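Visitor: Which chain is which? The protein sequence lines are A, B, C, D, E and F, in order. All you need for the numbering used here is the position in the first sequence, starting with 1, plus 513. All you need for the numbering used here is the position in the second sequence, starting with 1, plus 810. Going by the numbering used here, the residue at position 87 of the third sequence is 72; the numbering climbs one at a time, nothing skipped. All you need for the numbering used here is the position in the fourth sequence, starting with 1, plus 12. All you need for the numbering used here is the position in the fifth sequence, starting with 1, plus 393. All you need for the numbering used here is the position in the sixth sequence, starting with 1, plus 8. Handing you a structure now.
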Amino acid sequence: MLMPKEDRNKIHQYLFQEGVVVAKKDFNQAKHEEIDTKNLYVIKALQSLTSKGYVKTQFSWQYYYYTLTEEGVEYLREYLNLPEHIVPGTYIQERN
Amino acid sequence: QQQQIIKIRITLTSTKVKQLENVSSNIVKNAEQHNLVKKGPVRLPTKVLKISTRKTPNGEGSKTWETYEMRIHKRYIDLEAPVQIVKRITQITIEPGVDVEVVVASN
Amino acid sequence: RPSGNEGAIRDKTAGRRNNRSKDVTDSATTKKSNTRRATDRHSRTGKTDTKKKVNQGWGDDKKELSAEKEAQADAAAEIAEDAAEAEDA
Amino acid sequence: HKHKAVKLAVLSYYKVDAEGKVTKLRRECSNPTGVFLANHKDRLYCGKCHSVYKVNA
Amino acid sequence: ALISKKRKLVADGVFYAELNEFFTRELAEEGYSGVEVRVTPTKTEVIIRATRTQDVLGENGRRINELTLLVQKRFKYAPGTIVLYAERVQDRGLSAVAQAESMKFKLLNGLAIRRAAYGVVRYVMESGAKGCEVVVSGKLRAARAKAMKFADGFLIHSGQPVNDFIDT
Amino acid sequence: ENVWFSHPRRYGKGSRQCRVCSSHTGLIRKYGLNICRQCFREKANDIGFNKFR
RNA sequence: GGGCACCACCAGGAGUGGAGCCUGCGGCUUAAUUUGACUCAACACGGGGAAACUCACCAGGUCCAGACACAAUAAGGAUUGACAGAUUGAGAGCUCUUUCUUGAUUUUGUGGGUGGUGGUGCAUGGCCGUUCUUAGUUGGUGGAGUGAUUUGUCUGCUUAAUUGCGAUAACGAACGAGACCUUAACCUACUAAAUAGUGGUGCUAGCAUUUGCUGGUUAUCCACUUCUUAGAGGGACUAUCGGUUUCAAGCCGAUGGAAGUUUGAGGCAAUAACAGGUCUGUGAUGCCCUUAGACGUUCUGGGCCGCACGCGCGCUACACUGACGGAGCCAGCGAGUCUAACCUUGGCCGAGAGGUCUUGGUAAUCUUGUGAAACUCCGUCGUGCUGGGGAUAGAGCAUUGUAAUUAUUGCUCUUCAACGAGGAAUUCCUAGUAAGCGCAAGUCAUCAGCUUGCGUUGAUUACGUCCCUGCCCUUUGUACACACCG
Ligand SMILES: [Mg+2]
Ligand SMILES: [Mg+2]
Ligand SMILES: [Mg+2]
Ligand SMILES: [Mg+2]
Ligand SMILES: [Mg+2]
Ligand SMILES: [Mg+2]
Ligand SMILES: [Mg+2]
Ligand SMILES: [Mg+2]
Ligand SMILES: [Mg+2]
Ligand SMILES: [Mg+2]
Ligand SMILES: [Mg+2]
Ligand SMILES: [Mg+2]
Ligand SMILES: [Mg+2]
Ligand SMILES: [Mg+2]
Ligand SMILES: [Mg+2]
Ligand SMILES: [Mg+2]
Ligand SMILES: [Mg+2]
Ligand SMILES: [Mg+2]
Ligand SMILES: [Mg+2]
Ligand SMILES: [Mg+2]
Ligand SMILES: [Mg+2]
Ligand SMILES: [Mg+2]
Ligand SMILES: [Mg+2]
């Protein structure tokens, strides 16, 4: 999975600060909705996250619902060096 | 604003005639207890959306066809009505399964 | 010796005039005959799966007493737990 | 198939401090990475401005 | 939005179908039973009928903010335009989808077919139903498949009363 | 990147697919449905299409 | 032995089988001519009208979209690309020379995944087809039998029906049928409508006359609902009266009625099955196969259209009950774009196909009164394979499309083939039905000889029977129970 660190961080930042991802199973869409990388990159990175835990995945009519888990919300702080234990991201952050 | 009649029209569309007539009777009841002048519920021809698909997933069998169909029932009500107390009663009293749309006509 | 599309117009044996002289092979008026369904009641796999394979896979007929006498009580326990978690406690 | 690399320090640009002396040479191109590229037969080929390129080696 | 009412009502039916299958796949362990979409002015309300409504609502906003965000992102609603409530189904033993989804994890946990099937047939029957029928079709360690039925009570099979009173 | 989807699929069977299962053949595109005729029979009561006559 | 049914016959209709094309199957051919399906229940079927895509096949070319874990590795180093020059499809850095470049994202092994229109539908689900659109299936209590079982669930009559009457060791029930639902038919009775229509006329206005035919405006009119629409209802229950039957279910006739064929037509449709079809509809799926010189995926080109021939569904015909031309002129079910170019009126250009400028329409509003075709009237033909037929083939003009060659399709001129009503055989059909006729929808960028529906014109013949075929029931025989393919 050659994908730049700049691109990988924009899936991981969106998954942290917004909680879930939806991506149509159409590789070479060349732009995910509201992530500024490739849709293949989004699917490819969140599957890589899913395989080590950290993300649950449903398919349901060609759309790959990706949901962050409790081990993943710690992993997105630890390796990615985002601020520690102060940012929930995002399920109880503003709305409760 | 000062009880000036502004000639709105409520368009009521649904696939369910019971709830659609519930909404239509509610609007006509409100406009009659408010002594509004109205052109009443005009009921358009029902759109029978027919889809004749093939009953089998295969080719094998007697050639049997299915006419699945959805009916669209549509009505409209013209209301020469004040601007505030009638936009209030069309903001409230929304049934599920029935889609409303309110258009003001000055033509 | 030129051949190709240019050799197609030079090549003999190709064409209606000299195909029409040769006789039709007799296999063209035959039939496939039913994909071996002439004895489909007779099982041709050669398994003939035994009494144990159906009396221990889906069970035998005599084990219904063990099944439903215990299936009487689990639904009653489901009713008891549903009255327990419905609005009580 | 893809790529084989060579162990290297100096990219055609000798030494900026040679016993207290700059010993740079080799008229460059307009790459800010300058950097010194392929020449088959009196023809340089650019590396960042390989899209539009005017004067070569 | 400028589409015809035919295509708009058809597309709302498709949105119902997609939402219903998404909740069927997502809320399997959580005892899902149905969804109703209420299109109010200025917001749409998605109401989930599920037995384990506390498992649907999760742990203090977990698992219900996730579903609200997932639905609004796939169907591209503005944030706050869609809200997604969950109200529990009353009389669980008359929802055929809840009974079938209960049997599914009963058999996936390794419980006997006749035991699970009679255990939901009589659960429906003394949940207050006129009748119940469970058909199980398939194979079990065997190279031959058989369908076996488990019926109790009064059933009907033909007519508009099937669309009225039969839940399949 | 070079030639991966370089062929135009703006039209034809391969331009569209079923939204449920991505099947180009047997699709219904009446009323903008884009469901194959095998999945439409499964979902047809959820869409709103009922057998009446 | 008795029943039932135009997927059977009678009486007839329309045909098909013969011709030419269209399409599907087999075979042959091929690099590939992808494949499933073979009596009904394979063969215009897989919604399968395939230029590319679809596509599964063939000749080639990329890419990894090989997670994750472990060990090496990449700090020894892993991706990219400007040439040109080839064995190149090639502006594919696919290699290879040349070099630089973003550099723990990778790479290479082992495990393990993932993908597959790859196999097994005889491992399965689900769906569908068939028995069977037939009328069948079951238990409570009682009777018979040691029992498996049997009666009920039947001799007769009746029904479309295990529908009912009736007989009666059975009585009383449940599913299926029926009831139900959707549609069609009636409603000068109700609620109404500038998204339907009508009448006066606020107001006009035209032509011909002494009021006929129209045009046009709804805080730049009023009134009404007959026609139109759709809500709630009414209505038929074989009503009434004869006949007939065991005065029983019923049936037949007449009168009335919008309707007296279950009022017409469907939708749903039990128990038991089939080794029926589908793993090639799915992110339905066990197991197996393959997994980087791939059976993944993409691209380029071809094939699915290849033709000595056999068969099936059709279209066009063999003409005068017609062809041609001019004129008349009437439907209904649909569908339609800003989530981007759909249905297109009007004007102009063009012989035509079409082009072009605009416009209305997210639709009872506009395309659209879909001014449809058959048909009707008046003419040309004149029994001649002719002016029937329009196959084949040539040249040209356009449209769709990135691309039309193996003619996509459309149009114009020309070529003008068999076919003179079809052996053996065989299909469908009982009244707005058969049949003739076009239109809309489906798939569709383009392409309908197809299908699903819709209306237009609208018969002949029976209101029956078991003679053929199929199915059901009873009795009988059985050494069959894997059940005569025994
Ligand atoms: Mg019934
Ligand atoms: Mg019925
Ligand atoms: Mg005859
Ligand atoms: Mg004919
Ligand atoms: Mg013929
Ligand atoms: Mg072939
Ligand atoms: Mg096979
Ligand atoms: Mg493949
Ligand atoms: Mg698959
Ligand atoms: Mg008894
Ligand atoms: Mg009996
Ligand atoms: Mg009887
Ligand atoms: Mg008796
Ligand atoms: Mg009326
Ligand atoms: Mg078989
Ligand atoms: Mg297919
Ligand atoms: Mg290809
Ligand atoms: Mg073919
Ligand atoms: Mg004429
Ligand atoms: Mg009309
Ligand atoms: Mg074609
Ligand atoms: Mg068409
Ligand atoms: Mg077809």
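The C-beta atom is built at its ideal place from N, Cα and C for all residues, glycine as well.
Near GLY850/B, which residues of its chain fall below 7 Å by C-beta distance, leaving aside the five closest residues on each side in sequence?
Guide: Correct list, in chain order: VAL838, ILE887.
Visitor: Rounded to whole angstroms, how far is the Cβ of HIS883/B from the Cβ of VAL827/B, which I believe are closer than 8 Å?
Guide: Confirmed, about 5 Å.
Visitor: By Cβ distance, which residues of its chain are closer than 6 Å to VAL490/E, with the 5 residues on each side in sequence left out?
Guide: Taken in chain order, the residues that qualify are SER426.
Visitor: If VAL833/B and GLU905/B are in contact, beta carbons under 8 Å, what's the gap, nearest whole angstrom?
Guide: So it is a contact: roughly 5 Å between Cβ atoms.
Visitor: Please list the terminal residues of the continuous alpha helix (DSSP H) segment that includes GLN843/B.
Guide: Residues 827 to 843.
Visitor: Please list the segments of the beta strand (DSSP E) lying wholly inside the region 556 to 597 of chain A, counting only runs of 3 or more residues, in order along the chain.
Guide: Whole beta strand (DSSP E) segments, 3+ residues: 568 to 571, 578 to 581.
Visitor: Grab me the residues of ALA522/E's own chain with a C-beta within less than 8 Å of its C-beta, minus the 5 sequence neighbours each way, in chain order.
Guide: Correct list, in chain order: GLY486, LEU487, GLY546.
Visitor: Among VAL11/F, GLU50/F, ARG18/F, whose alpha-carbon lies nearest the alpha-carbon of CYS29/F?
Guide: The shortest C-alpha separation from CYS29/F is found at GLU50/F.
Visitor: Just to confirm the assignment, what range does the alpha helix (DSSP H) spanning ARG37/F have?
Guide: It is not in any alpha helix (DSSP H) - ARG37/F carries neither H nor E in the DSSP assignment.
Visitor: So, for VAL18/D: in the same chain, excluding its five sequence neighbours on each side, which residues have a beta-carbon less than 8 Å away from its beta-carbon?
Guide: There are no such residues.
Visitor: When DSSP builds the beta bridges, which residues end up paired with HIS15/F?
Guide: None, per the DSSP bridge assignment.
Visitor: Find the residues of chain E that neighbour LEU41/F, judging by a C-beta separation of less than 8 Å, and give them in chain order.
Guide: Residues of chain E passing the Cβ test: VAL403, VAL407.
Visitor: Quick test of your reading: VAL449/E and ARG456/E, contact by CB under 8 Å. State the CB separation rounded to the nearest angstrom.
Guide: Indeed, because the Cβ distance is near 7 Å, the residues count as touching under 8 Å.
Visitor: Starting from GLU911/B, trace the alpha helix (DSSP H) in both directions and tell me its first and last residue.
Guide: Per DSSP, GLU911/B belongs to no alpha helix (DSSP H); it is in the beta strand (DSSP E), 908 to 914.
Visitor: Under 6 Å Cβ to Cβ from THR580/A, same chain only, skipping five residues before and after it: list those, please.
Guide: If we look at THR580/A and ignore the five residues flanking it on each side, its Cβ neighbours are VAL533, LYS569.
Visitor: Would a check of beta-carbon distances place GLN526/A closer than 8 Å to chain F?
Guide: No, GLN526/A lies away from the interface with chain F (no Cβ there is under 8 Å from its Cβ).
Visitor: Between which two residues does the beta strand (DSSP E) containing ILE55/F stretch?
Guide: That residue, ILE55/F, is in no beta strand (DSSP E); its alpha helix (DSSP H) goes 45 to 55.
Visitor: Given this structure, state the Cα-to-Cα distance separating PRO596/A from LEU528/A, to the nearest angstrom.
Guide: Roughly 15 Å between the two C-alpha positions.
Visitor: Using a Cβ cut-off of 8 Å, which residues of the region 567 to 579 of chain A contact any Cβ in chain F, in chain order?
Guide: So the close ones are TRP574, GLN575.
Visitor: Check whether the Cβ of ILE815/B lies closer than 8 Å to any Cβ atom in chain E.
Guide: So no, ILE815/B is outside the interface.
Visitor: Starting from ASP909/B, find everything on chain E with Cβ-Cβ shorter than 9 Å and list it in chain order.
Guide: Correct list: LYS398, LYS401, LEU402, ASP405, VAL432.
Visitor: Please list, in chain order, the chain F residues whose beta carbon lies closer than 7 Å to that of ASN541/A.
Guide: Per Cβ cutoff of 7 Å: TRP12, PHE13.
Visitor: Closest to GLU607/A by C-alpha separation, out of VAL482/E, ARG507/E, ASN458/E, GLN492/E, would be which residue?
Guide: Out of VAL482/E, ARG507/E, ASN458/E, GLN492/E, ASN458/E has the C-alpha closest to the C-alpha of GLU607/A.
Visitor: With three or more C-beta pairs closer than 8 Å as the rule, is the region 400 to 408 of chain E touching the region 474 to 482 of chain E?
Guide: Short answer: they don't touch.
Visitor: Starting from the beta carbon of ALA410/E, find every residue of chain F whose beta carbon is closer than 7 Å, and list them in chain order.
Guide: Simply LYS51, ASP54, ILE55.
Visitor: Report yes if the C-beta of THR33/F is less than 7 Å from at least one heavy atom of ligand 16; otherwise report no.
Guide: Checking every heavy atom of ligand 16 against the Cβ of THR33/F, one is found closer than 7 Å.
Visitor: Just list the residues that DSSP pairs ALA544/E with in beta bridges.
Guide: Per DSSP, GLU526/E.
Visitor: Taking the beta carbon of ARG507/E as the centre, do at least 16 other beta carbons fall within 10 Å, making it buried, or is it exposed?
Guide: Per the 10 Å Cβ criterion, buried.
Visitor: With contact counted as at least three CB pairs below 8 Å, one residue from each stretch, are the region 858 to 866 of chain B and the region 0 to 14 of chain C in contact?
Guide: These segments do not touch.
Visitor: So is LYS497/E in contact with chain C if we call contact Cβ pairs under 8 Å?
Guide: Judged by the 8 Å Cβ criterion, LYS497/E is not in contact with chain C.
Visitor: For residue 89/C, name the three-state secondary structure that DSSP assigns.
Guide: There is no way to answer for residue 89/C, as the model of chain C reaches only from -14 to 74.
Visitor: Which residue marks the beginning of the beta strand (DSSP E) containing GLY427/E, and which one marks its end?
Guide: Per DSSP, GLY427/E belongs to the beta strand (DSSP E) from 425 to 433.
Visitor: Pull out every residue of the region 819 to 841 of chain B whose Cβ sits closer than 7 Å to any Cβ of chain E, in chain order.
Guide: For the region 819 to 841 of chain B, which is checked against every Cβ of chain E, the residues closer than 7 Å are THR823, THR825.
Visitor: How long is the line joining the alpha carbons of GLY869/B and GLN530/A, rounded to whole angstroms?
Guide: Spanning the two alpha carbons is a distance of roughly 51 Å.
Visitor: Which of helix, strand or coil does DSSP assign to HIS62/D?
Guide: Of the three classes helix, strand and coil, the one that applies to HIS62/D here is coil, per DSSP.
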